S.K.: 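Below is one structure. I have some questions about it.
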Amino acid sequence: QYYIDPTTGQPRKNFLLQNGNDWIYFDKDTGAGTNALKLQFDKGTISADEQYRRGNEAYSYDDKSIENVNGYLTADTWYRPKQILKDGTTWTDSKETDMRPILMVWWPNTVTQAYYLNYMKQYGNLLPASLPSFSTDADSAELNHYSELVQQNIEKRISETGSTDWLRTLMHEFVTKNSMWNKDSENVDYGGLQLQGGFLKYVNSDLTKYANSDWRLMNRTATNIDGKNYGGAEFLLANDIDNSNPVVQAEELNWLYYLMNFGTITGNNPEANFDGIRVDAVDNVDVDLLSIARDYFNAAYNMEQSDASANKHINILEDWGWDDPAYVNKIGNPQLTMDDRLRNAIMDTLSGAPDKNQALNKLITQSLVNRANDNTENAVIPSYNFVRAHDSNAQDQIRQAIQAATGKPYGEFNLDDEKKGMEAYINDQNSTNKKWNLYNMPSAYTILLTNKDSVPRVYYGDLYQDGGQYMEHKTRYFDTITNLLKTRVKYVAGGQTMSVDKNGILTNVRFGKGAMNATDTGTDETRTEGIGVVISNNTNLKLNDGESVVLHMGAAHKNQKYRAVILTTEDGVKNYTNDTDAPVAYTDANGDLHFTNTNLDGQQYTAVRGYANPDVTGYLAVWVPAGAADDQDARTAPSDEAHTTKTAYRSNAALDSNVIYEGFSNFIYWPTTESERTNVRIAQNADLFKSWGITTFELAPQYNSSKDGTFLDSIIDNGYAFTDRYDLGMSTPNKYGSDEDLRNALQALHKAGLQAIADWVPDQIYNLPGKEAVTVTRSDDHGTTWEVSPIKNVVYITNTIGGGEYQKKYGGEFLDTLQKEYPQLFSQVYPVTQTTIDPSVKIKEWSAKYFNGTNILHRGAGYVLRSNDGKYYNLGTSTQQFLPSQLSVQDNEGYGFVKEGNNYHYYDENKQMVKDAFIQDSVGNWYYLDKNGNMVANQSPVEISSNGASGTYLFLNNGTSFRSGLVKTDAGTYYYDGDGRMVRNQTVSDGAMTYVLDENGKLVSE
Ligand SMILES: [Ca+2]
């Protein structure tokens, strides 16, 4: 049973003993003896190589086991191996927290494997710094050695750090350096409205069925209702809402109702609702939305009944396309079109530099209205107009100034950078030669605010400096533009004429309330109303001797004293806010005012000539009748008379009596004190706005910013880039204040008699935190397939699930009230979808099925893992269960140690019989397959070369190579060393033992 040395009580372990014809083997652990001849190979034995491959297979197909999205794997997937290469040395059952990167054991091809090896060496220090780079010509047996070496090194570092945080960072840095896993494979392109460098459209697939849609009707704008034309671009920014899906349409109506009742709903406060909407991004959404909004306002407010009804809810469109006005008029002018022809006329003739401005005649004709002799009402398409807006000649130039002032890439800035750029911007604004600011602002606003048949919109950043706390600092134009605004209320009314003379000088007249043509004699109030404007854009203007400029003030204004409102001087302008001290001019018997190159009655600045200063490049003079009462008001109230046409607004004296104020800039700073909050300040200044004749205050969009930095909107947090549509400063303040500050602002505007506009932004939503696998195609801004992209019908990981708590709370929640109060809204058929909205499903959380697509996300065409034949790996959730072979169980039949006849063989990974080779099992035993592939197991010394000269080996009957032990035979005792080779002619130590072996290997002593 045990073999002890009676002179040392020491047991011999791992000892092979001949006793007559019997052989006894005394084992390694306790020296317990067994019949050596009956030792048997363990049928369940597996090789060290096999152990290695099995250790690395996935522990299971559990969602917990393998990081996935809708069952799909990504380059960033980590998983739970069956075993973990403990400290790079000991295979040990994984724990559920033992997540390992799939890229530690799998690569899409040998080049990426080579690149991984190079990267882990160079940036990971997971291989010797002095190892040569691996080239695409790297041998696989070679790649695989170093790959295992790297895994051994990852596991040693985890043993040392107790962590994989570092390995997450490192592996993702590697991932993002592979084109197939970054923007390089996404065909980045900024053409058209690819503002963020490209789009991916969502398409139906059996692979991502939960993201399918029956809708996604794209580009169905005013010019493309039937989808047979091109339309406006469906795709603009972020996650594009599918506004063609009738369920989404019902949700847009729900949201609209929320905005229009915001004060009642969120504060039980009937003075804190919005009164109108701005429809943002009109030409990037299904034009059904304009009809849905109209229909709601008709049901709730009876817009089409009369001007008095419609004008209580002034709505506007952000509709850039020049074919849109005709369509807006045809559907009943439910929201006012802009007049982009007219704004461009101003841009082309006043706002450019002296060497750019064109002939002023364009102001007369390039518009929805021809203003040569505008002597009628209710006869043109009603519209609003503006010189600037938060994103029209503001945000681009302000970024140009920031870039120039700081040197940073366009569009990249911190707040310090913003302030520096603003300083440069305002300095430029105050210069005669402007790089980033429009020219002739006084003349431009004079045109804006004296035109007939227009609702003018004043821009915050022309009154106050664009960047700064709200209303922190005035522009150089504040006095000028507010003078114009107050003068508009007091004097501007009646018919208009515009003409440009032989000298290129524009004469613009309004006759005053009660007079439509120059020949009208007017009513009682006409005499001291009206206005006359002289504008040139010619900085070198010089009238010859005897030449003149004549304003035809008209038959109501014969032999009348006029006084100046604005005159141009060498260095700027002079404003006169009333009659006191204002230079005077008299009309003749015909109502004509005459000006020349000579001053009137010794009054400086009453001659006409060209100037060039920070205000005026050309000439500006504006004149009104002297002797108006201080309270004169030339506006017209809207009539209650029933409309005889299907329209909300009508272009007439009452509509013209309105002025919109776009009361924000993108570059308002976040407040440092509660008192700096925009909406607190708006509440404090309602009477001021009223004094300028503002009748509706356009607030910024109030949605809390997503703050994700993916577009200017979510860099300066203006409210156009948001995750939660219903969160208006509610979860936390927006840039303008809390929801209570917003409601107090609405209540204050109302107290002063002003309306308030909600910016309705149905086009998109940003920064949804939940990942979703979706089949997509790289496309342009119209959803047209990007022909050279390999991303066609490819599963891609999108960020499409979420929408915030207020979307959850309020989503679809007003649909019941709507159907009860206004059932007509639910039977209306819309022209694009050709069906009704669908309130049967409430949207409380967004997902891909409700989106047309997304901007490209820079994850790479190949981010979602697929085999070489194009089959997607999957846990089985969304498609066939399928994993990389490195992660799968294999059929071991005919592989590894296989008995055949009276012999054992070993078949390698190619199912090829191994010959003349040593193989180690998973528990450290060594076996030798002979030159015929037969395992040696005959317990007889045998000569084998493993590399050089032959060594003498001995294999027990179970096939194991006998090593580090004695063999005692009747003819002598021999010692086999740790390599399994007989030792001859030397003295050796084996732990506590020292053995002396003679030249035949016989033990001489121990
Ligand atoms: Ca869209």
Side-chain angles (χ1 to χ4, degrees), residues 49 52-54 56-58 61 65-79 81 100-120 134-148 150-151 171-172 174-187 200 203 205-208 773-778 786 788-797 859-891 895 908-912:
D49 296 332
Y52 211 107
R53 101 129 265 145
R54 288 184 192 180
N56 279 347
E57 294 164 2
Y61 296 76
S65 273
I66 299 169
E67 294 172 356
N68 65 104
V69 182
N70 299 93
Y72 294 95
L73 283 57
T74 77
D76 286 322
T77 276
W78 283 38
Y79 78 112
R100 297 288 202 268
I102 197 178
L103 282 168
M104 184 180 80
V105 309
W106 169 90
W107 309 271
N109 51 43
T110 49
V111 171
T112 299
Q113 193 182 3
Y115 180 37
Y116 166 85
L117 290 174
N118 298 340
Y119 193 93
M120 293 298 134
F134 296 95
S135 74
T136 82
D137 195 75
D139 166 5
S140 81
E142 164 154 316
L143 299 174
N144 286 336
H145 172 270
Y146 284 84
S147 284
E148 288 180 6
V150 168
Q151 163 160 4
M171 291 308 278
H172 184 57
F174 171 69
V175 163
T176 66
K177 288 185 198 335
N178 285 269
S179 289
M180 65 186 156
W181 299 326
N182 67 32
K183 66 183 180 172
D184 294 348
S185 55
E186 295 189 348
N187 289 271
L200 296 170
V203 302
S205 177
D206 287 341
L207 299 175
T208 57
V774 178
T775 301
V776 314
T777 292
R778 176 69 178 85
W786 200 264
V788 290
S789 171
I791 303 172
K792 300 193 183 88
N793 301 299
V794 158
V795 182
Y796 189 95
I797 305 313
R859 288 168 165 144
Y863 187 58
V864 178
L865 310 179
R866 318 169 64 176
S867 62
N868 275 349
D869 321 308
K871 203 172 170 305
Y872 286 93
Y873 301 111
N874 203 276
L875 303 192
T877 308
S878 301
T879 190
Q880 192 165 18
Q881 188 177 81
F882 176 43
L883 291 299
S885 79
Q886 281 84 4
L887 263 64
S888 320
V889 297
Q890 314 287 312
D891 179 59
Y895 286 95
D908 66 19
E909 51 309 318
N910 291 330
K911 224 172 181 206
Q912 293 296 284

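Sequence positions, counted from 1, serve as the residue numbers for this chain.
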S.K.: Of all the heavy-atom pairs spanning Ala773 and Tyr72, show the shortest one and how long it is.
M.R.: CB-CD1, 3.5 Å
S.K.: Short question: side chain of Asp869, backbone of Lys871 - any donor-acceptor pair under 3.5 Å?
M.R.: no
S.K.: Listed by chain and number, what are the ring pair (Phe, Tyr, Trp, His ring centres under 6.0 Å) partners of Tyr61, not counting sequence neighbours?
M.R.: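 Checked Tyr61 against ring pair (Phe, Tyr, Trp, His ring centres under 6.0 Å); zero matches.
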S.K.: Looking at CD of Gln881 and CG of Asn874, how far apart are the two atoms once the value is rounded to the nearest 0.5 Å?
M.R.: 8.5 Å
S.K.: Please report the shortest heavy-atom distance between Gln886 and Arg53, naming the atom on each side.
M.R.: O-NH2, 3.6 Å
S.K.: Checking the side chain of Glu67 only, and the main-chain atoms of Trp78 only, is there a donor and an acceptor separated by less than 3.5 Å?
M.R.: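 Side chain of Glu67 to backbone of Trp78, a donor-acceptor pair under 3.5 Å: yes, one is there.
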S.K.: Distance check, rounded to the nearest 0.5 Å: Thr74 atom OG1 versus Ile797 atom CD1?
M.R.: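 The CD1 atom of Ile797 is 7.0 Å from OG1 of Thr74, to the nearest 0.5 Å.
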S.K.: Can you name the ring pair (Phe, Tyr, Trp, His ring centres under 6.0 Å) partners of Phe134, sequence neighbours left out?
M.R.: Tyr146
S.K.: Applying side chain to side chain donor-acceptor pair (under 3.5 Å), can you list everything that pairs with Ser878, at least two apart in sequence or on another chain?
M.R.: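 Here no residue qualifies.
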S.K.: Is there a donor-acceptor pair closer than 3.5 Å between any side-chain N or O of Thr879 and the backbone N or O of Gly876?
M.R.: no
S.K.: In terms of side-chain heavy atoms, does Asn109 have a donor or acceptor partner in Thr112 at a distance below 3.5 Å?
M.R.: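 Their side chains do contain a donor-acceptor pair, which is all the 3.5 Å distance test asks for.
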S.K.: Verify, without hydrogens or angle tests, whether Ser185 (side chain) and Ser179 (backbone) share a donor-acceptor contact under 3.5 angstrom.
M.R.: yes
S.K.: Between the main-chain N or O of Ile102 and the side-chain N or O of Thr77, is there a donor-acceptor pair closer than 3.5 Å?
M.R.: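 The answer is no, because no donor-acceptor pair under 3.5 Å joins these two groups.
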S.K.: To the nearest 0.5 Å, what is the distance between CG (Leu200) and CD (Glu186)?
M.R.: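 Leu200 CG to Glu186 CD: 6.0 Å, rounded to 0.5 Å.
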S.K.: Looking only at heavy atoms, which two atoms of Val794 and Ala861 are closest? And how far apart?
M.R.: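 Here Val794 and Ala861 meet closest at CG1-O, 3.8 Å.
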S.K.: Measure the acute angle between the ring planes of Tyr116 and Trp107, then classify it against the limits of 30° and 60° as parallel, tilted or perpendicular.
M.R.: tilted
S.K.: To the nearest 0.5 Å, what is the distance between OG on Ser147 and CD on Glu142?
M.R.: 10.0 Å
